[PDB]
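Chemist: Coordinates in input13.csv, CSV, C-alpha atoms, are listed below.
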```csv
chain,number,residue,atom,x,y,z
A,1,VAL,CA,33.5,44.2,39.0
A,2,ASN,CA,30.2,45.8,40.2
A,3,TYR,CA,29.8,47.6,36.9
A,4,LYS,CA,27.8,46.9,33.7
A,5,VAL,CA,30.0,45.3,30.9
A,6,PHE,CA,29.4,46.2,27.2
A,7,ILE,CA,31.2,44.9,24.0
A,8,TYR,CA,31.6,47.2,21.0
A,9,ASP,CA,29.8,46.4,17.7
A,10,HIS,CA,31.9,48.2,15.0
A,11,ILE,CA,29.3,47.7,12.3
A,12,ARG,CA,26.6,49.7,14.2
A,13,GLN,CA,29.2,51.7,16.4
A,14,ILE,CA,27.2,50.9,19.6
A,15,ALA,CA,28.0,49.1,22.8
A,16,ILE,CA,25.9,46.0,23.7
A,17,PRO,CA,25.7,45.0,27.4
A,18,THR,CA,26.5,41.4,28.5
A,19,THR,CA,26.7,39.4,31.8
A,20,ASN,CA,28.8,36.8,30.0
A,21,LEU,CA,31.9,39.2,30.1
A,22,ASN,CA,33.5,40.3,33.4
A,23,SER,CA,36.5,42.3,34.7
A,24,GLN,CA,38.9,39.3,34.4
A,25,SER,CA,37.4,38.0,31.1
A,26,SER,CA,40.0,36.4,28.7
A,27,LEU,CA,40.9,38.0,25.4
A,28,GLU,CA,39.3,35.0,23.5
A,29,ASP,CA,35.9,35.5,25.1
A,30,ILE,CA,36.0,39.2,24.2
A,31,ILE,CA,36.8,38.4,20.5
A,32,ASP,CA,34.0,35.8,20.6
A,33,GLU,CA,31.6,38.4,22.1
A,34,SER,CA,32.5,40.9,19.4
A,35,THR,CA,31.2,38.5,16.7
A,36,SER,CA,28.2,37.5,18.9
A,37,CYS,CA,27.1,41.1,19.8
A,38,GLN,CA,25.9,41.9,16.2
A,39,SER,CA,23.1,39.4,16.8
A,40,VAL,CA,22.1,40.9,20.2
A,41,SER,CA,19.4,43.6,20.2
A,42,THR,CA,19.8,47.4,20.8
A,43,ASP,CA,18.3,47.3,24.3
A,44,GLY,CA,20.7,48.7,26.9
A,45,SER,CA,23.0,50.0,24.1
A,46,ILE,CA,25.2,53.0,24.9
A,47,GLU,CA,26.8,55.3,22.2
A,48,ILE,CA,30.5,56.1,22.7
A,49,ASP,CA,31.3,59.7,21.7
A,50,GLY,CA,34.6,60.0,19.7
A,51,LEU,CA,35.3,56.2,19.7
A,52,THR,CA,36.0,55.2,16.0
A,53,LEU,CA,37.6,51.9,15.1
A,54,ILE,CA,38.8,51.4,11.5
A,55,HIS,CA,39.5,47.8,10.5
A,56,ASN,CA,42.2,47.1,7.8
A,57,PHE,CA,43.5,50.7,8.1
A,58,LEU,CA,47.0,49.7,7.1
A,59,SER,CA,47.8,47.3,4.3
A,60,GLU,CA,50.5,44.5,5.0
A,61,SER,CA,52.9,46.4,2.7
A,62,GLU,CA,52.3,49.7,4.5
A,63,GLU,CA,52.7,48.0,7.9
A,64,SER,CA,55.9,46.4,6.8
A,65,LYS,CA,57.5,49.6,5.6
A,66,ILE,CA,56.6,51.4,8.9
A,67,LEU,CA,57.7,48.4,11.0
A,68,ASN,CA,61.2,48.3,9.3
A,69,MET,CA,61.6,52.0,10.1
A,70,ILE,CA,60.4,51.5,13.7
A,71,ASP,CA,62.7,48.5,14.4
A,72,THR,CA,65.6,50.4,12.7
A,73,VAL,CA,65.2,53.2,15.3
A,74,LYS,CA,66.4,52.4,18.9
A,75,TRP,CA,63.9,51.3,21.6
A,76,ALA,CA,63.8,53.0,25.0
A,77,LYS,CA,62.9,51.5,28.4
A,78,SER,CA,59.4,52.4,29.8
A,79,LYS,CA,57.4,51.6,33.0
A,80,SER,CA,54.9,48.7,33.1
A,81,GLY,CA,57.0,46.4,31.0
A,82,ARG,CA,56.5,48.6,28.0
A,83,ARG,CA,59.2,50.1,25.7
A,84,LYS,CA,58.8,53.4,23.9
A,85,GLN,CA,60.1,55.4,20.9
A,86,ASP,CA,59.0,59.0,21.2
A,87,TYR,CA,58.8,61.8,18.6
A,88,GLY,CA,57.4,64.6,20.7
A,89,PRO,CA,58.3,67.3,23.3
A,90,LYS,CA,59.5,66.4,26.8
A,91,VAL,CA,56.9,67.8,29.2
A,92,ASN,CA,56.8,68.2,33.1
A,93,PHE,CA,53.0,67.8,33.4
A,94,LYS,CA,53.1,68.8,37.1
A,95,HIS,CA,54.9,72.1,36.5
A,96,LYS,CA,53.5,72.8,32.9
A,97,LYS,CA,57.1,73.0,31.5
A,98,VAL,CA,58.0,71.9,27.9
A,99,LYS,CA,61.5,71.4,26.4
A,100,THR,CA,61.8,71.2,22.6
A,101,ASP,CA,65.5,70.5,22.6
A,102,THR,CA,65.1,66.7,22.0
A,103,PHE,CA,62.3,67.2,19.4
A,104,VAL,CA,64.0,67.0,16.0
A,105,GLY,CA,60.7,66.2,14.1
A,106,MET,CA,58.0,63.7,13.3
A,107,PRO,CA,58.8,60.3,11.8
A,108,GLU,CA,58.7,59.9,7.9
A,109,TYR,CA,55.7,57.4,8.0
A,110,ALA,CA,53.5,60.2,9.7
A,111,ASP,CA,53.0,61.9,6.3
A,112,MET,CA,51.5,58.7,4.8
A,113,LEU,CA,49.5,57.8,8.0
A,114,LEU,CA,48.0,61.4,8.2
A,115,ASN,CA,47.0,61.5,4.6
A,116,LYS,CA,45.2,58.2,4.9
A,117,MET,CA,43.4,59.5,8.0
A,118,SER,CA,42.1,62.6,6.1
A,119,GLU,CA,41.0,60.3,3.1
A,120,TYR,CA,38.8,58.2,5.4
A,121,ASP,CA,37.4,61.2,7.4
A,122,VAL,CA,38.6,64.9,7.1
A,123,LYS,CA,36.1,65.8,9.9
A,124,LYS,CA,36.9,62.8,12.2
A,125,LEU,CA,40.7,62.4,11.7
A,126,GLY,CA,41.6,65.3,9.3
A,127,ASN,CA,43.2,68.6,10.2
A,128,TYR,CA,45.6,66.8,12.5
A,129,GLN,CA,48.8,68.5,13.6
A,130,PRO,CA,51.1,66.0,15.3
A,131,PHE,CA,52.7,67.0,18.7
A,132,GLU,CA,53.8,63.6,20.1
A,133,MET,CA,53.9,60.4,18.1
A,134,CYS,CA,55.0,57.6,20.5
A,135,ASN,CA,55.4,53.9,19.4
A,136,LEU,CA,54.8,51.6,22.5
A,137,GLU,CA,55.9,47.9,22.5
A,138,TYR,CA,54.0,45.3,24.6
A,139,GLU,CA,55.4,41.8,25.0
A,140,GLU,CA,53.3,39.0,26.7
A,141,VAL,CA,56.5,37.5,28.1
A,142,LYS,CA,57.3,40.8,29.8
A,143,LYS,CA,53.5,41.0,30.7
A,144,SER,CA,53.5,44.5,29.3
A,145,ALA,CA,50.4,46.6,30.0
A,146,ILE,CA,49.2,50.2,30.4
A,147,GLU,CA,47.4,51.0,33.7
A,148,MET,CA,43.9,52.5,33.3
A,149,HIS,CA,44.2,56.2,32.9
A,150,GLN,CA,43.1,59.4,30.9
A,151,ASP,CA,45.9,61.1,29.0
A,152,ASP,CA,47.0,64.7,29.9
A,153,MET,CA,44.6,67.3,28.3
A,154,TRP,CA,46.9,70.3,28.9
A,155,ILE,CA,49.3,69.8,25.9
A,156,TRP,CA,47.6,66.7,24.3
A,157,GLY,CA,44.5,67.4,22.2
A,158,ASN,CA,41.0,65.8,21.9
A,159,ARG,CA,41.8,63.1,19.4
A,160,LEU,CA,44.1,60.2,20.5
A,161,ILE,CA,45.1,57.8,17.7
A,162,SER,CA,46.6,54.2,18.4
A,163,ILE,CA,47.3,51.8,15.5
A,164,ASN,CA,47.9,48.2,16.5
A,165,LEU,CA,50.9,46.9,14.5
A,166,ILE,CA,52.4,43.4,15.0
A,167,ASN,CA,49.2,42.1,16.6
A,168,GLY,CA,45.9,43.4,18.0
A,169,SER,CA,44.6,43.8,21.6
A,170,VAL,CA,41.4,44.7,23.6
A,171,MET,CA,41.1,48.3,24.9
A,172,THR,CA,39.4,48.4,28.3
A,173,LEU,CA,37.4,51.7,28.8
A,174,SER,CA,35.9,52.6,32.2
A,175,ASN,CA,33.3,55.3,33.1
A,176,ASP,CA,33.6,55.2,36.9
A,177,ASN,CA,30.8,57.6,37.6
A,178,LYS,CA,28.1,55.8,35.6
A,179,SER,CA,29.6,52.4,36.6
A,180,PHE,CA,29.9,51.3,32.9
A,181,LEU,CA,32.9,49.2,31.5
A,182,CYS,CA,33.3,48.5,27.7
A,183,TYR,CA,35.8,46.2,25.9
A,184,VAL,CA,36.8,47.3,22.4
A,185,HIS,CA,38.5,44.6,20.4
A,186,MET,CA,41.2,46.2,18.3
A,187,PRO,CA,42.3,43.9,15.5
A,188,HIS,CA,45.7,43.8,13.7
A,189,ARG,CA,46.1,46.8,11.4
A,190,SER,CA,43.3,48.7,13.3
A,191,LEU,CA,43.2,52.5,14.0
A,192,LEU,CA,41.4,53.4,17.2
A,193,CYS,CA,40.5,57.1,17.8
A,194,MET,CA,39.6,57.9,21.4
A,195,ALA,CA,38.1,61.4,21.8
A,196,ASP,CA,35.3,63.4,23.4
A,197,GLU,CA,33.6,61.1,26.0
A,198,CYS,CA,36.3,58.4,25.8
A,199,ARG,CA,39.1,61.0,26.2
A,200,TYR,CA,37.7,62.7,29.3
A,201,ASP,CA,34.5,61.0,30.7
A,202,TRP,CA,35.9,57.5,30.1
A,203,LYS,CA,39.5,56.2,30.9
A,204,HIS,CA,41.7,54.2,28.5
A,205,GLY,CA,43.7,51.1,29.3
A,206,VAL,CA,45.1,47.8,27.8
A,207,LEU,CA,45.3,44.8,30.2
A,208,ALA,CA,48.3,42.4,30.4
A,209,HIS,CA,46.2,39.3,29.6
A,210,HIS,CA,44.8,41.0,26.5
A,211,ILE,CA,48.3,41.2,25.0
A,212,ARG,CA,49.3,38.2,22.9
A,213,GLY,CA,52.9,37.9,21.5
A,214,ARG,CA,54.4,41.3,20.6
A,215,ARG,CA,52.3,44.3,19.8
A,216,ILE,CA,53.4,47.8,18.8
A,217,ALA,CA,51.0,50.7,19.2
A,218,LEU,CA,51.6,53.7,17.0
A,219,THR,CA,50.2,56.4,19.3
A,220,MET,CA,49.6,59.9,17.8
A,221,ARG,CA,48.7,63.0,19.7
A,222,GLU,CA,47.5,66.5,18.6
A,223,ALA,CA,48.0,70.1,19.7
A,224,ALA,CA,45.9,71.3,22.6
A,225,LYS,CA,43.7,74.3,21.8
A,226,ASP,CA,46.0,76.5,24.1
A,227,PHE,CA,49.2,75.4,22.3
A,228,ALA,CA,47.5,76.1,18.9
A,229,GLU,CA,47.0,79.5,17.3
A,230,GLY,CA,44.8,81.7,19.5
A,231,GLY,CA,46.2,80.2,22.7
A,232,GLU,CA,48.3,81.4,25.7
A,233,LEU,CA,51.2,79.0,25.1
A,234,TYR,CA,51.3,79.2,21.3
A,235,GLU,CA,54.0,81.9,21.2
A,236,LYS,CA,56.2,80.5,24.0
A,237,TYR,CA,56.0,76.8,23.1
A,238,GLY,CA,53.3,76.0,20.5
A,239,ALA,CA,54.6,77.7,17.4
A,240,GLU,CA,58.0,75.8,17.6
A,241,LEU,CA,56.2,72.5,18.4
A,242,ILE,CA,54.0,73.0,15.2
A,243,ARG,CA,57.2,73.7,13.0
A,244,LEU,CA,59.1,70.8,14.6
A,245,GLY,CA,56.1,68.5,14.1
A,246,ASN,CA,56.0,69.6,10.5
A,247,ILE,CA,59.7,68.4,10.2
A,248,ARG,CA,60.0,64.7,9.1
A,249,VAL,CA,63.0,62.5,10.2
A,250,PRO,CA,64.4,60.3,7.4
A,251,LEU,CA,64.2,56.7,8.8
A,252,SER,CA,64.0,54.7,5.5
A,253,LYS,CA,67.1,53.5,3.5
A,254,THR,CA,66.6,54.2,-0.2
```
Represent the supplied structure as structure tokens.
Modeler:
Amino acid sequence: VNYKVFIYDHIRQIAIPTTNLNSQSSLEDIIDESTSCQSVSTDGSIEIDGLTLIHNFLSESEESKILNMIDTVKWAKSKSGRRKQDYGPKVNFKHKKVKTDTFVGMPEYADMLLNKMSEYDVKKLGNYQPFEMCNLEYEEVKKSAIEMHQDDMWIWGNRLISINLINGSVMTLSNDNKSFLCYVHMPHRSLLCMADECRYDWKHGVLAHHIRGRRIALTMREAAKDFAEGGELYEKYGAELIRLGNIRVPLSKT
């Protein structure tokens, strides 16, 4: 609460400070601020490192094909009212232990999604090797939410990709040391990449009140430098994870 609040201007990729917004601010006010911020001046602006939001990343046709494949696959129970579908290794983060027995491969839609990411930006989202692609489902009735946190950096890489599917939401990012809080409004069919400062310096979260109806987030993760070639864990675990990630599970009826 005792922190500066900023709203993200996608057009200029800068965060503009506001006293109108607050910790408990409603989703509607944040969407309203996102439109109002473009008018506001650059004074107090911060630049987020590695935060990229792509509007209209997925066409309605592309979303529909992916959603039919996702809903055809079974949904698994998760903490925080969320539900999860995982296409990645099972890892004990505490003991640094990885099991690849349950990893049969990446989902079929990954090939289409990855190619599109490279077409927009080979530098920003290209050269991506998938390690875990997890689809997470949030329902307002279940008050689904993800608590504020920074994802593991041991096996997961710098770039974190979330695509909002059935509906959009607001990402809450907190830099506790500098006492700065930013709200990023993620619209329907939007890709958010959190990396660099957002991945480590900032923490990522989605609040329960920012969830309206049902939303599915197509989370994608990449190989950590250690698991990749030139790393200690590549031979023991990484090489298999790269091959298994290359494999594509058939999820579409033709």
Chemist: Go through stretch 84-189 of chain A residue by residue and, counting all atoms listed in the file, keep those with an atom at most 12 Å from stretch 46-49 of chain A; for each kept residue give the shortest atom pair and its distance in Å to one decimal, ordered by chain and increasing number, as a tab-separated table.
Modeler:
```
residue	atom	partner	partner_atom	distance
A:124	CA	A:49	CA	11.5
A:158	CA	A:49	CA	11.5
A:159	CA	A:49	CA	11.3
A:173	CA	A:48	CA	10.2
A:174	CA	A:48	CA	11.5
A:175	CA	A:48	CA	10.8
A:178	CA	A:46	CA	11.4
A:180	CA	A:46	CA	9.4
A:181	CA	A:46	CA	10.8
A:182	CA	A:48	CA	9.5
A:183	CA	A:48	CA	11.7
A:184	CA	A:48	CA	10.8
```
Chemist: In file coordinates, which residues lie within 9 Å of (32.4, 41.4, 18.8) using only C-alpha atoms, given as number ranges by chain?
Modeler: A: 7-10, 30-38, 184-185
Chemist: What is the distance between atom CA of residue A:113 and atom CA of residue A:69, in Å to one decimal?
Modeler: 13.6 Å
Chemist: Please determine, counting all atoms listed in the file, which residue among A:110, A:165, A:207, A:136 has the shortest atom-to-atom distance to residue A:59.
Modeler: A:165
Chemist: Looking at A:74, A:99, A:149, A:84, which one is nearest to residue A:135, with distances taken over all atoms listed in the file?
Modeler: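 Distance minimum relative to residue A:135 lands on A:84.
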Chemist: Dump as JSON lines the rows for residues of stretch 77-168 of chain A within 9 Å of stretch 187-205 of chain A: closest atom pair and distance in Å with one decimal, all atoms listed in the file counted, ordered by chain and rising residue number.
Modeler:
```
{"residue": "A:124", "atom": "CA", "partner": "A:193", "partner_atom": "CA", "distance": 8.8}
{"residue": "A:125", "atom": "CA", "partner": "A:193", "partner_atom": "CA", "distance": 8.1}
{"residue": "A:145", "atom": "CA", "partner": "A:205", "partner_atom": "CA", "distance": 8.1}
{"residue": "A:146", "atom": "CA", "partner": "A:205", "partner_atom": "CA", "distance": 5.7}
{"residue": "A:147", "atom": "CA", "partner": "A:205", "partner_atom": "CA", "distance": 5.7}
{"residue": "A:148", "atom": "CA", "partner": "A:205", "partner_atom": "CA", "distance": 4.2}
{"residue": "A:149", "atom": "CA", "partner": "A:203", "partner_atom": "CA", "distance": 5.1}
{"residue": "A:150", "atom": "CA", "partner": "A:203", "partner_atom": "CA", "distance": 4.8}
{"residue": "A:151", "atom": "CA", "partner": "A:199", "partner_atom": "CA", "distance": 7.4}
{"residue": "A:153", "atom": "CA", "partner": "A:200", "partner_atom": "CA", "distance": 8.4}
{"residue": "A:157", "atom": "CA", "partner": "A:195", "partner_atom": "CA", "distance": 8.8}
{"residue": "A:158", "atom": "CA", "partner": "A:195", "partner_atom": "CA", "distance": 5.3}
{"residue": "A:159", "atom": "CA", "partner": "A:195", "partner_atom": "CA", "distance": 4.7}
{"residue": "A:160", "atom": "CA", "partner": "A:194", "partner_atom": "CA", "distance": 5.1}
{"residue": "A:161", "atom": "CA", "partner": "A:193", "partner_atom": "CA", "distance": 4.7}
{"residue": "A:162", "atom": "CA", "partner": "A:192", "partner_atom": "CA", "distance": 5.4}
{"residue": "A:163", "atom": "CA", "partner": "A:191", "partner_atom": "CA", "distance": 4.4}
{"residue": "A:164", "atom": "CA", "partner": "A:189", "partner_atom": "CA", "distance": 5.6}
{"residue": "A:165", "atom": "CA", "partner": "A:189", "partner_atom": "CA", "distance": 5.7}
{"residue": "A:166", "atom": "CA", "partner": "A:188", "partner_atom": "CA", "distance": 6.8}
{"residue": "A:167", "atom": "CA", "partner": "A:188", "partner_atom": "CA", "distance": 4.9}
{"residue": "A:168", "atom": "CA", "partner": "A:188", "partner_atom": "CA", "distance": 4.3}
```
Chemist: Could you give me, as a PDB file with C-alpha atoms, in the frame of the given file, the residues within 9 Å of residue A:19, counting only C-alpha atoms and dropping anything in the same chain fewer than 5 positions from it?
Modeler:
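And here's result-v7.pdb as it stands now:
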```
ATOM      1  CA  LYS A   4      27.800  46.900  33.700  1.00  0.00           C
ATOM      2  CA  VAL A   5      30.000  45.300  30.900  1.00  0.00           C
ATOM      3  CA  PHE A   6      29.400  46.200  27.200  1.00  0.00           C
TER       4      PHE A   6
END
```
Chemist: Of the residues A:90, A:176, A:206, A:222, which is the one nearest to residue A:27, using all atoms listed in the file?
Modeler: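 Counting all atoms listed in the file, the residue closest to residue A:27 is A:206.
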Chemist: When you draw a straight line from atom CA of residue A:53 to atom CA of residue A:13, how long is it in Å?
Modeler: 8.5 Å
Chemist: What is the atom CA of residue A:107 to atom CA of residue A:236 distance in Å?
Modeler: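 Atom CA of residue A:236 lies 23.7 Å from atom CA of residue A:107.
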Chemist: So which one's closest to residue A:247, A:134, A:233, A:208, A:106? Using all atoms listed in the file, please.
Modeler: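 For residue A:247, the nearest of the candidates is A:106.
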Chemist: Is it possible to get the axis-aligned box enclosing stretch 124-131 of chain A (all listed atoms, 3 Å extra per side) as AutoDock Vina command-line options, with centre and edge lengths in Å rounded to one decimal?
Modeler:
```
--center_x 44.8 --center_y 65.5 --center_z 14.0 --size_x 21.8 --size_y 12.2 --size_z 15.4
```
Chemist: Please determine, counting all atoms listed in the file, which residue among A:92, A:115, A:39, A:52 has the shortest atom-to-atom distance to residue A:154.
Modeler: A:92
Chemist: From the options A:245, A:17, A:56, A:226, which residue's atoms come nearest to residue A:130, counting all atoms listed in the file?
Modeler: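 So, comparing all the options, the nearest one is A:245.
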Chemist: Take the point (56.0, 47.5, 7.2) as written in the file and pick out every residue within 12 Å of it, counting all atoms listed in the file; give the list as a VMD selection string.
Modeler: chain A and resid 58 to 72 109 165 to 166 189 216 252
